[PDB]
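**Student:** Quick one: this structure, given as structure tokens, is what I'll be asking you about.
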Amino acid sequence: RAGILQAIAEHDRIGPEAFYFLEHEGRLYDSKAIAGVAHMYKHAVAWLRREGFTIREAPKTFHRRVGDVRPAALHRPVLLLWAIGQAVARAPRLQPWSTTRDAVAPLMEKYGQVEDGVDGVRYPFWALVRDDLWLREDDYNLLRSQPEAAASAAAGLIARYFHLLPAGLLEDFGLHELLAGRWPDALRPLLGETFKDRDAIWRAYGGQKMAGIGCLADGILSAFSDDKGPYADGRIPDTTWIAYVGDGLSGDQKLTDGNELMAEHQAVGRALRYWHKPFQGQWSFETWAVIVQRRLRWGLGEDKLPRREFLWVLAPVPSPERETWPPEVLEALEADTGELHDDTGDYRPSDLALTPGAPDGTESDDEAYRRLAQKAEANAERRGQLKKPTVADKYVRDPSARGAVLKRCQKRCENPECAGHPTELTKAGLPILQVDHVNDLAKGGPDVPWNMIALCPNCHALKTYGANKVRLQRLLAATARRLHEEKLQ
Amino acid sequence: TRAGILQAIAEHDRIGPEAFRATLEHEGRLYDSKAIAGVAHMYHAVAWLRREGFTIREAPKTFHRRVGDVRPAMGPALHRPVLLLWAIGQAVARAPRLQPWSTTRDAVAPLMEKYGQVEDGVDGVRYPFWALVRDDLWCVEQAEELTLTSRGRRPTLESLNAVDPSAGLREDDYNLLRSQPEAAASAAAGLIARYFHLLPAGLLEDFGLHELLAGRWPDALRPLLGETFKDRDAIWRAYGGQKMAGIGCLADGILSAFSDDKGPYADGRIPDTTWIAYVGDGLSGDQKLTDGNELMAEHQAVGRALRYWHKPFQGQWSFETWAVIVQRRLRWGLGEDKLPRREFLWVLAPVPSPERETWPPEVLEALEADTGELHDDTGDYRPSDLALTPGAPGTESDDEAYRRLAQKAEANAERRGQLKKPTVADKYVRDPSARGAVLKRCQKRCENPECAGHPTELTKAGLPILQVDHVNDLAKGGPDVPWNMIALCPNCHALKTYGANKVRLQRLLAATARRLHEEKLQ
Ligand SMILES: [Zn+2]
Ligand SMILES: [Zn+2]
């Protein structure tokens, strides 16, 4: 297929009209089109590179380039934001150094927290040229023609750098009449946009397919949750908050890549996009959310081996704007402290259900247990003396107590009136049971084994919406305490 | 007194409200009624001013609300919003608040012809030029001089061209728009949402709203997706409307449907999909296309979206999605008087925004196929047959006149099977008649012959702790008929869906479903 040299020669002889780019002898040629004409002489790019040709990328969209403006740093975005405000107000494209300086230098002092604003303008006045933003022709015309793009770009810059939006930002800059009601309204995707593949998302907004946690073309963080099986979404029960597992595939996860970015977002209290694919369903950007707590937990990697993993507790919010965030969220930060809450202690990989064992090492009896129940009590007492308890403190479930109930019940219903239940396991190899509190956490009940009970689907239904739910609750409360106390002597 | 009062009003204008406080609706400007009466005299009182022919007012509802009250009474009620939209465009571009009829006429009349689908645009402007006054949005200066139509609500063309009266927006409204662009963008978006939802190229300019709304028009609309409220009252405080299930319209005049989950084992969402099955309006007897249902039908015809509120069980309300009416059906259900009744089933498809460009192809295809006509499923089944009607039964029917139900299920199933382009509604909405049949067959018991055991206790709502479920999933082409369905307890259902021996069980259930079905035919 090197005969494409003949196709290139005809592109030269007749012109672009008649004939991702392909570079040959200092000239650019449409990759797909050259491949097609060569055929007569979607895996095209590979074919051309397999022949000895260097393939170059198309010029990055204005949205992408303004999105690439990231810290290694408020200088660049301040200038950019001024430039957008200028273009929207029909100011001239090119302006002299002299006016830009003493027009932006006050902004640079007040919003870019730099001392010498005059000097502050010098850096981005030059550095922004090698960011392919310094405005350009096509960019200036884009902003003058399509105000959505101006509003989007400014919203992107405002989201990442000035998420707290201090009063007098929109004017002082040129942007008050443009951003108006709400600044992040111009951001895309819209809440509820649906995509089949992860690739489809990528095509539309960029970033990469790799990783749960990553930034889209706009430079705003995005976290992706894929439901593995049915009866298992990220949502922590009795609430609308998410328990999002962290970034590292296969071994003990670290504050690198996605987890790192999450931590950077946690510290400053910046929101992020939360994507979600229900089981047998499509992806969708379903909510903005804010890091409210981070913890460490035992889980399994892709190598099926136990591992330390991060648990990012996310709180959904209507938009990035902090004024729009409900008070439960705003209370959960500041209470956060931004520090890792660790797992081990009360919590051995089994302990909990996803690691089968005999137990082959007879070190621990199944009736320890007692170790789990103790940790559950300790943790419970410590939560019980929280003056202002966040919804996370209240509803996130202690692994140790769940573990204890599992060790106690041994794949059976603990309801002594059980009509009967199957001993078949699930596809994933767990019993068809659920551990549930007799006295709901929502109504003050404690997160401890003697307040919990293992139930088959049928008995669980009885407990939850059965006609005699109340009497059953009494019975279950009794038998839970009983079963608990039987394992202490 | 009347001309005395006019002279008093004229001096209030000359000097200003501050200097009047230093020393009643007329202009489109409000005047302190006691104070105006007093200056009229010596240079209640209320009775005197109303005696002389002046409209005496309370503090008008918010501009948002009043523009939202602009509602219709192939159908021509685009006059008022066309004028209003022009006026907002004018105010944003710093034009004068009051403008002569002459200019407004031949500035708006082309807009009226192009966007208001009226023939004579020049004549089209007359109606809202006057009618908008009594909507508390407009004012016309020397009104008394005009001669009205025989009918009431149009000044005649001759009288308008003669006097050339300076008319416009109200005072405070004009200042609101001139000061706060969010309010302009909101009002315009409202009008564009209800009229012109299919936003044609390019009305934003022509109207002088391009710079304000070009990016996306509905961005200025509130509430935002995901706003959460405790009560229905909390919603009402923030956005108006009434505490009616709805449709109800909020203050902005945009339709809003509210779904409140009754117990824990249901939401509106039709299974296997994200589309909603929303029960109509009208609390108690056979529902009619009146109130909310009427509005839903108007929205269905033109393919206009609407706000869908939802409160999960033991949870809070939230505006969770925009949605579009994709199909409407008639079904048997129970009213608030606990009695069987004919009710509407509005099949909603969620969408990201009101803009049609943003809607996915499944939605577009389903709308394309709709026909907008009522599908009456009420003939296929009886209120007996629904699980919420407790009964002996008969003597109309033995319980093995289940045969009746199964027959209707077949007939419907065959008719769906021959659909060339089947919408996701056609495929996934579940036939009551077949469900009913399974319920009459199983009689409050698990049909899985290997059932480990299940309780005979009922739910709080008085239904057995079971579920009817297809052995061959509809999603995988299985038919919506009783011999393809099976009644399972929670345990057996879990076994079916994610048990380790799911596959073998499916074969067993398929077999026993056919068997049980065929036992009732002989
Ligand atoms: Zn049980
Ligand atoms: Zn069963």
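A short reminder: the numbers here are calculations on the coordinates, not readings from a lab. Reconstructed Cβ throughout: ideal geometry from the backbone, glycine too, with neighbour counts over all protein chains shown.
**Student:** Which members of the stretch A:33-44 meet the condition of being within 40 Å of the chain's Cα centre (by Cα) and exposed (fewer than 13 other Cβ atoms within 10 Å of the Cβ)?
**Tutor:** Hits for the stretch A:33-44 are A:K42, A:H43.
**Student:** Go through the stretch A:431-481 and give me each residue that's among the basic types (K, R) and within 16 Å of ligand 1 (Cβ to nearest atom).
**Tutor:** Let us first name the residues in the stretch A:431-481 that are among the basic types (K, R), namely A:443, A:463, A:469, A:471, A:474, A:481.
Across the stretch A:431-481, the qualifying residues are A:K463, A:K469, A:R471.
**Student:** Going through the stretch A:402-414 one residue at a time, which ones are within 14 Å of chain B (Cβ to nearest Cβ) and either assigned to a helix (DSSP H, G or I) or more than 16 Å from ligand 2 (Cβ to nearest atom) (or both)?
**Tutor:** Narrowing the stretch A:402-414 to residues within 14 Å of chain B (Cβ to nearest Cβ): A:411-413.
If the condition is that a residue be within 14 Å of chain B (Cβ to nearest Cβ) and either assigned to a helix (DSSP H, G or I) or more than 16 Å from ligand 2 (Cβ to nearest atom) (or both), then A:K411, A:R412 are the ones that fit.
**Student:** Next question. Condition test on B:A167, is it surrounded by 21 or more Cβ atoms within 10 Å (Cβ to Cβ) and under 25 Å from B:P76 (Cβ atoms)? I'd like the intermediate steps shown before the answer.
**Tutor:** Working: surrounded by 21 or more Cβ atoms within 10 Å (Cβ to Cβ): yes; under 25 Å from B:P76 (Cβ atoms): yes.
Spelling it out, B:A167 is indeed surrounded by 21 or more Cβ atoms within 10 Å (Cβ to Cβ) and under 25 Å from B:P76 (Cβ atoms).
**Student:** Looking only at the stretch A:381-401, how many residues end up being crowded, with 17+ Cβ neighbours inside 10 Å and part of a helix (DSSP H, G or I)?
**Tutor:** Restricting attention to the stretch A:381-401, the residues satisfying the condition of being crowded, with 17+ Cβ neighbours inside 10 Å are A:390-392, A:395-396, A:398-401.
Restricting the remaining residues to those that are part of a helix (DSSP H, G or I) gives A:391-392, A:395, A:399-401.
Counting residues in the stretch A:381-401 that are crowded, with 17+ Cβ neighbours inside 10 Å and part of a helix (DSSP H, G or I) gives 6.
**Student:** Just the residues that are within 39 Å of the chain's Cα centre (by Cα) and within 15 Å of ligand 1 (Cβ to nearest atom), please, taken from the stretch B:482-508.
**Tutor:** Result: B:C489, B:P490, B:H493, B:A494.
**Student:** Right, something else. Would you say A:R273 is among the basic types (K, R) and crowded, with 20+ Cβ neighbours inside 10 Å?
**Tutor:** Details: among the basic types (K, R): yes; crowded, with 20+ Cβ neighbours inside 10 Å: yes.
Yes: the conditions hold for A:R273.
**Student:** Scan (1) away from ligand 1 (no atom under 16 Å from the Cβ); (2) over 32 Å from the mean Cα position of the chain (by Cα) for the single condition B:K420 breaks and write down its number.
**Tutor:** Condition (2) is where B:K420 drops out.
**Student:** A further question on this structure: Please find, among A:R49, A:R27, the residue that is within 39 Å of the chain's Cα centre (by Cα) and at negative phi. Even if it seems obvious, please write down each step before you answer.
**Tutor:** On the way: A:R27 fails: within 39 Å of the chain's Cα centre (by Cα).
That would be A:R49, the only listed residue that is within 39 Å of the chain's Cα centre (by Cα) and at negative phi.
**Student:** Let me ask you something else. Can you tell me which residue in the stretch B:480-502 is nearest to the other protein chains (Cβ to nearest Cβ), limited to those that are within 15 Å of ligand 2 (Cβ to nearest atom) and closer than 10 Å to B:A513 by Cβ?
**Tutor:** Residue satisfying both the conditions and the ranking: B:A487.
**Student:** May I pose another question? Which numbered condition trips up A:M108, out of (1) within 17 Å of A:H176 (Cα to Cα); (2) in contact with a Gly (Cβ under 6 Å, 6 or more places away or on another chain)?
**Tutor:** Here A:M108 clears every test but (1).
**Student:** If you don't mind, there's one more thing I want to ask. Out of the residues in the stretch B:285-308 that are surrounded by 20 or more Cβ atoms within 10 Å (Cβ to Cβ) and in contact with a helix residue (DSSP H, G or I) (Cβ under 7 Å, 6 or more places away or on another chain), state the one that is farthest from the other protein chains (Cβ to nearest Cβ).
**Tutor:** The extreme case among them is B:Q287.
**Student:** Still on this model: Pairs please, first residue from the stretch A:408-423 and within 17 Å of A:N468 (Cα to Cα), second anywhere and within 16 Å of ligand 2 (Cβ to nearest atom), Cβ atoms under 6 Å, 6+ apart in sequence or on different chains.
**Tutor:** Once the first residue is within 17 Å of A:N468 (Cα to Cα) and sits in the stretch A:408-423, its partners that are within 16 Å of ligand 2 (Cβ to nearest atom) give A:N415/A:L455; A:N415/A:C459; A:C418/A:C459; A:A419/B:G453; A:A419/B:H454; A:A419/B:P455.
**Student:** Right, next: Quick one: which residue in A:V129, A:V114, A:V78, A:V121 is crowded, with 22+ Cβ neighbours inside 10 Å and over 24 Å from B:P181 (Cβ atoms)? So that I can check it myself, show each step before the final result.
**Tutor:** Working: A:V129 fails: crowded, with 22+ Cβ neighbours inside 10 Å; A:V114 fails: crowded, with 22+ Cβ neighbours inside 10 Å; A:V78 fails: over 24 Å from B:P181 (Cβ atoms).
The conditions single out A:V121.
**Student:** A follow-up question, please. Could you list, in sequence order, all residues of the stretch A:444-479 that are farther than 16 Å from A:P416 by Cβ, within 7 Å of another protein chain (Cβ to nearest Cβ) and part of a loop (DSSP other than H, G, I, E, B)?
**Tutor:** Of everything in the stretch A:444-479, just one residue is farther than 16 Å from A:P416 by Cβ, within 7 Å of another protein chain (Cβ to nearest Cβ) and part of a loop (DSSP other than H, G, I, E, B), namely A:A467.
**Student:** All but one of (1) of a type in the set (A, V, I, L, M); (2) crowded, with 18+ Cβ neighbours inside 10 Å; (3) more than 14 Å from every other protein chain (Cβ to nearest Cβ) hold for B:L419, so report the exception by its number.
**Tutor:** Just one mismatch for B:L419, condition (2).
**Student:** In the list B:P218, B:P264, which residue meets the criterion of being touching a helix residue (DSSP H, G or I) at 6+ places or on another chain (Cβ under 6 Å), surrounded by fewer than 17 Cβ atoms within 10 Å (Cβ to Cβ) and within 14 Å of chain A (Cβ to nearest Cβ)? Give the steps one after another, and end with the answer.
**Tutor:** Details: B:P218 fails: surrounded by fewer than 17 Cβ atoms within 10 Å (Cβ to Cβ).
Among B:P218, B:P264, only B:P264 is touching a helix residue (DSSP H, G or I) at 6+ places or on another chain (Cβ under 6 Å), surrounded by fewer than 17 Cβ atoms within 10 Å (Cβ to Cβ) and within 14 Å of chain A (Cβ to nearest Cβ).
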